[PDB]
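Here the structure is laid out as structure tokens; the discussion comes afterwards.
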Amino acid sequence: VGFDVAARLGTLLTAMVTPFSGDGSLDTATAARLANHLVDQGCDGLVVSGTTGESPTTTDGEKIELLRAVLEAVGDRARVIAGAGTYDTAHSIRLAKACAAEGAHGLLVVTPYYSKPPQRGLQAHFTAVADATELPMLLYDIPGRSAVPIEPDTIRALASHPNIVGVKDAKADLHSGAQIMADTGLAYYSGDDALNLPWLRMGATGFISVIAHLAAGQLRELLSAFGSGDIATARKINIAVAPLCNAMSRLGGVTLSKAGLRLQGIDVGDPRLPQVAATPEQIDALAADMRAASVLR
Amino acid sequence: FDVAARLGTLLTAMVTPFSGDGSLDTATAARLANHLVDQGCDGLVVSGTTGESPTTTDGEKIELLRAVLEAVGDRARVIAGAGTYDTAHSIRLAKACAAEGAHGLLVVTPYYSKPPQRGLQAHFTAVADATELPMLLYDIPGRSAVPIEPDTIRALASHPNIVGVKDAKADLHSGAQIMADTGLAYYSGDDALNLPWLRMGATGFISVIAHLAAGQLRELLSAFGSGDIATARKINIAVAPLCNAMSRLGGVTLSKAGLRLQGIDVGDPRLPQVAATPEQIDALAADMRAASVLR
């Protein structure tokens with residue numbers, strides 16, 4: 001009875017990178033190969049064109065092409081959530097309709113960045129995007145990038161929308177999130193790998209993860225031990241993958257994910273400017289972290 | 001290169017007028033542009049933050065640039081906002097603005113995605129290489145979520161097309177030292193710091209409150225220019241009530257609402273920005289009357 005967010009949206013999702021070819025164009029063959037690899041390693045959902053998928057530097061056309069290719073590769077067996085939010089409500093609406101019509105399983109909608117709308121602007125924005133399609137929708141709260149939080153009262157007001165079902169949380173408000181989950185029934189996903197385990201303690205449904213690019217099997221094991229009550233094993237795994245969160249703070253998710261995947265034998269090309277490929281020295285520093293975390297020989 | 005002549009000293013980050021249904025209103029853009037220059041602006045920035053660059057299309061940005069160049073380009077400098085978080089997009093938009101006849105470019109730090117400094121360096125170089133227009137960096141970590149660090153600005157200072165900085169970072173003495181070291185022109189990108197920026201050697205203001213108080217800011221620049229800092233301080237305090245309202249509303253909501261209160265209807269913001277509420281408009285009218293820009 002009731003809408004089961006864990007089953008309908010997933011528990012381990014990667015915010016998948018968008019592969020580009022040598023010339024910079026979208027590489028759907030590799031997007032498909034990567035999607036199969038991440039699901040095979042233990043992800044039960046994927047987010048396409050989130051932040052780590054370089055949503056700022058791809059077109060709507062590329063976003064929809066990518067989504068098509070990923071639904072084709074894994075959509076039968078994993079949930080495919082489409083990133084659709086920007087700082088432009090009219091545009092987010094259009095993009096959310098296009099992803100829905102393409103067959104997406106849910107939407108991930110970021111707080112409008114840069115322009116710093118007031119909370120009632122955010123409420124109006126998220127509501128409008130939620131009214132656009134039948135897709136289950138996740139708010140994406142990340143004041144570190146967007147410059148404004150989704151305030152607790154805004155989240156509460158938004159919980160009454162029939163389509164808004166959860167939050168990807170990168171605000172590290174663990175105490176408030178636990179109370180919001182308790183009061184509203186919203187599903188929280190960790191949107192910061194360094195807080196995967198603390199979020200689980202608070203009631204989080206799962207992870208929308210960057211480091212699952214490299215360590216999806218270990219994060220699967222982590223979720224699986226945590227969910228059974230073997231917190232001790234979950235904590236052990238979390239400690240073991242810490243060098244990846246260290247490399248994350250050095251490089252940021254886009255640089256890290258594309259360079260680590262290449263180190264792991266899955267070349268997904270380089271990022272589009274202003275994002276940058278890791279330098280040779282950063283690649284060597286990255287490799288040492290991946291070895292330490294047991295995701296590279 | 002004469003930055004003051006070529007880019008101006010008093011500029012407004014002009015709002016983008018919309019008609020009642022929300023579409024671009026170029027005839028109102030033209031009138032507003034004329035009113036602003038009349039009041040004392042010797043330049044205008046189009047499609048800045050205050051011009052709602054986030055919610056307008058490239059198409060609307062070009063139409064707007066054309067309307068304002070046509071309206072005032074003969075007597076004021078027209079600077080085109082061409083920065084986004086996408087280098088290939090910023091390149092095309094810069095070329096588009098150049099091809100229409102923009103006098104200069106304003107290029108914000110890539111927002112949201114937080115590229116590293118070496119990525120910023122690559123981004124600004126590539127944009128500055130796309131056209132022969134003089135370009136200003138627009139450093140606003142409060143919005144973009146990363147600053148342009150001073151070593152990065154010093155590196156970019158050697159690009160022949162990069163002539164200055166719209167500084168919304170509040171690094172006064174560090175900006176003063178860069179100005180002295182490099183010859184880069186600084187403009188205040190914060191009304192709350194307009195006078196301190198002048199004392200640091202800034203060339204002028206790319207202002208929000210100039211929508212409502214250009215004449216007073218023109219007099220502040222003149223009084224500073226003639227070394228009458230007492231008067232400049234007096235004028236600074238006189239207009240500070242507009243900063244009270246800006247803090248409550250933000251620039252976009254404040255500029256559209258305030259203009260409408262002065263008899264220049266420029267329509268509302270586009271979502272996720274919002275029109276001021278009735279009670280907000282009353283509290284704004286109080287602030288405007290306190291700043292003497294409303295009867």
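Letters A, B, ... go to the chains of the structure tokens in the order shown; residues in each chain start at 1; ligands are counted from 1 in the same order.
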- Identify, with DSSP run on backbone atoms, the residues in region 101-213 of chain A assigned to helix (DSSP H, G or I), and express the list as number ranges by chain. A: 101-102, 119-130, 143-146, 152-159, 174-184, 193-202, 212-213
- Message: Show me, as a list in words, every residue of chain B with an atom at most 6 Å from chain A, counting only C-alpha atoms.
- Response: residues 55, 86, 87, 112, 115, 119, 123, 143, 144, 145, 271, 272, 273 and 274 of chain B
For the residues in that selection, give me N, CA, C and O atoms as an mmCIF file, in the first residue's frame.
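Below is the file part-v5.cif, written as the result:
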```cif
data_model
loop_
_atom_site.group_PDB
_atom_site.id
_atom_site.type_symbol
_atom_site.label_atom_id
_atom_site.label_comp_id
_atom_site.auth_asym_id
_atom_site.auth_seq_id
_atom_site.Cartn_x
_atom_site.Cartn_y
_atom_site.Cartn_z
ATOM 1 N N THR B 55 16.598 33.910 -17.623
ATOM 2 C CA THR B 55 15.277 33.547 -18.156
ATOM 3 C C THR B 55 14.947 34.072 -19.580
ATOM 4 O O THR B 55 13.806 33.942 -20.043
ATOM 5 N N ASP B 86 28.823 27.740 -19.795
ATOM 6 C CA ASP B 86 29.083 26.917 -20.930
ATOM 7 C C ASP B 86 29.987 27.727 -21.887
ATOM 8 O O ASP B 86 29.571 28.731 -22.468
ATOM 9 N N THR B 87 31.228 27.295 -22.023
ATOM 10 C CA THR B 87 32.216 28.054 -22.794
ATOM 11 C C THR B 87 31.813 28.155 -24.271
ATOM 12 O O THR B 87 31.920 29.230 -24.841
ATOM 13 N N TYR B 112 27.305 27.819 -10.729
ATOM 14 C CA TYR B 112 26.775 26.473 -10.381
ATOM 15 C C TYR B 112 27.708 25.258 -10.477
ATOM 16 O O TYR B 112 27.765 24.462 -9.553
ATOM 17 N N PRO B 115 33.905 25.290 -11.807
ATOM 18 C CA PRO B 115 35.121 24.813 -12.451
ATOM 19 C C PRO B 115 36.305 25.230 -11.587
ATOM 20 O O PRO B 115 36.162 26.145 -10.784
ATOM 21 N N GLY B 119 40.288 26.088 -15.151
ATOM 22 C CA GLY B 119 39.118 26.030 -16.026
ATOM 23 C C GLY B 119 38.537 27.412 -16.268
ATOM 24 O O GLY B 119 38.103 27.707 -17.391
ATOM 25 N N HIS B 123 38.326 29.293 -19.821
ATOM 26 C CA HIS B 123 37.049 29.866 -20.186
ATOM 27 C C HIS B 123 37.165 31.337 -20.588
ATOM 28 O O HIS B 123 36.728 31.722 -21.674
ATOM 29 N N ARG B 143 27.037 34.672 -6.243
ATOM 30 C CA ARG B 143 26.119 34.056 -7.207
ATOM 31 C C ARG B 143 26.696 32.849 -7.899
ATOM 32 O O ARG B 143 25.987 31.866 -8.093
ATOM 33 N N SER B 144 27.966 32.932 -8.308
ATOM 34 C CA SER B 144 28.556 31.871 -9.109
ATOM 35 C C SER B 144 29.041 30.667 -8.288
ATOM 36 O O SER B 144 29.053 29.551 -8.782
ATOM 37 N N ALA B 145 29.385 30.903 -7.025
ATOM 38 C CA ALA B 145 29.840 29.875 -6.071
ATOM 39 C C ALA B 145 31.314 29.537 -6.207
ATOM 40 O O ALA B 145 31.790 28.577 -5.631
ATOM 41 N N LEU B 271 9.460 33.791 -13.775
ATOM 42 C CA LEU B 271 9.808 32.730 -12.823
ATOM 43 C C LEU B 271 11.200 32.120 -13.115
ATOM 44 O O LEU B 271 11.570 31.891 -14.283
ATOM 45 N N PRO B 272 11.967 31.845 -12.069
ATOM 46 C CA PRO B 272 11.648 31.833 -10.609
ATOM 47 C C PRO B 272 11.739 33.163 -9.857
ATOM 48 O O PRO B 272 11.492 33.175 -8.666
ATOM 49 N N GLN B 273 12.082 34.272 -10.515
ATOM 50 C CA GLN B 273 11.976 35.606 -9.883
ATOM 51 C C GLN B 273 10.480 35.972 -9.796
ATOM 52 O O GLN B 273 9.665 35.416 -10.528
ATOM 53 N N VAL B 274 10.118 36.845 -8.863
ATOM 54 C CA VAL B 274 8.700 37.156 -8.604
ATOM 55 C C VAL B 274 8.403 38.651 -8.500
ATOM 56 O O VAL B 274 9.245 39.423 -8.030
#
```
- Quick one: everything within 10 Å of residue 294 (chain A), counting only C-alpha atoms, minus sequence neighbours fewer than 2 positions away in the same chain. Send it as a list in words.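 Final neighbour list, sorted by chain and number: residues 214, 215, 218, 240, 241, 243, 288, 289, 290, 291, 292, 296 and 297 of chain A.
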Now that the selection is made, can you save its residues with C-alpha atoms as a PDB file, in the first residue's frame?
```pdb
ATOM      1  CA  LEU A 214      34.136   3.870  -9.462  1.00  0.00           C
ATOM      2  CA  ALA A 215      32.906   1.945  -6.449  1.00  0.00           C
ATOM      3  CA  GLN A 218      31.176  -1.425  -2.507  1.00  0.00           C
ATOM      4  CA  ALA A 240      37.472   2.006   3.098  1.00  0.00           C
ATOM      5  CA  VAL A 241      36.130   4.196   0.262  1.00  0.00           C
ATOM      6  CA  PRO A 243      40.157   8.118  -0.390  1.00  0.00           C
ATOM      7  CA  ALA A 288      46.711   6.190  -5.569  1.00  0.00           C
ATOM      8  CA  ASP A 289      43.320   6.947  -3.984  1.00  0.00           C
ATOM      9  CA  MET A 290      41.552   4.356  -6.139  1.00  0.00           C
ATOM     10  CA  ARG A 291      44.119   1.725  -5.230  1.00  0.00           C
ATOM     11  CA  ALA A 292      43.754   2.611  -1.543  1.00  0.00           C
ATOM     12  CA  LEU A 296      42.114  -0.044  -9.080  1.00  0.00           C
ATOM     13  CA  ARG A 297      44.938  -2.577  -9.148  1.00  0.00           C
TER      14      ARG A 297
END
```
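With only C-alpha atoms as the atoms that count, the minimum distance from residue 217 (chain B) to the choices B:196, B:164, B:150, B:40 is reached by B:40.
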- Task: Determine, counting only C-alpha atoms, which protein, DNA and RNA residues have an atom within 7 Å of an atom of residue 199 (chain A); residues of the same chain fewer than 5 positions away are not included. Present the result as a list in words.
- Result: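 My list of contacting residues is residues 174, 190 and 204 of chain A.
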- Message: For a test of reading the model, state the distance in Å between CA of residue 97 (chain A) and CA of residue 152 (chain A), rounded to one decimal.
- Response: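 Value for the CA of residue 97 (chain A)-CA of residue 152 (chain A) distance: 27.3 Å.
One finds CA of residue 85 (chain B) at 24.9 Å from CA of residue 137 (chain A).
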- Task: Mind giving me the straight-line distance from CA of residue 224 (chain B) to CA of residue 14 (chain B) in Å, one decimal?
- Result: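 The value is 23.8 Å.
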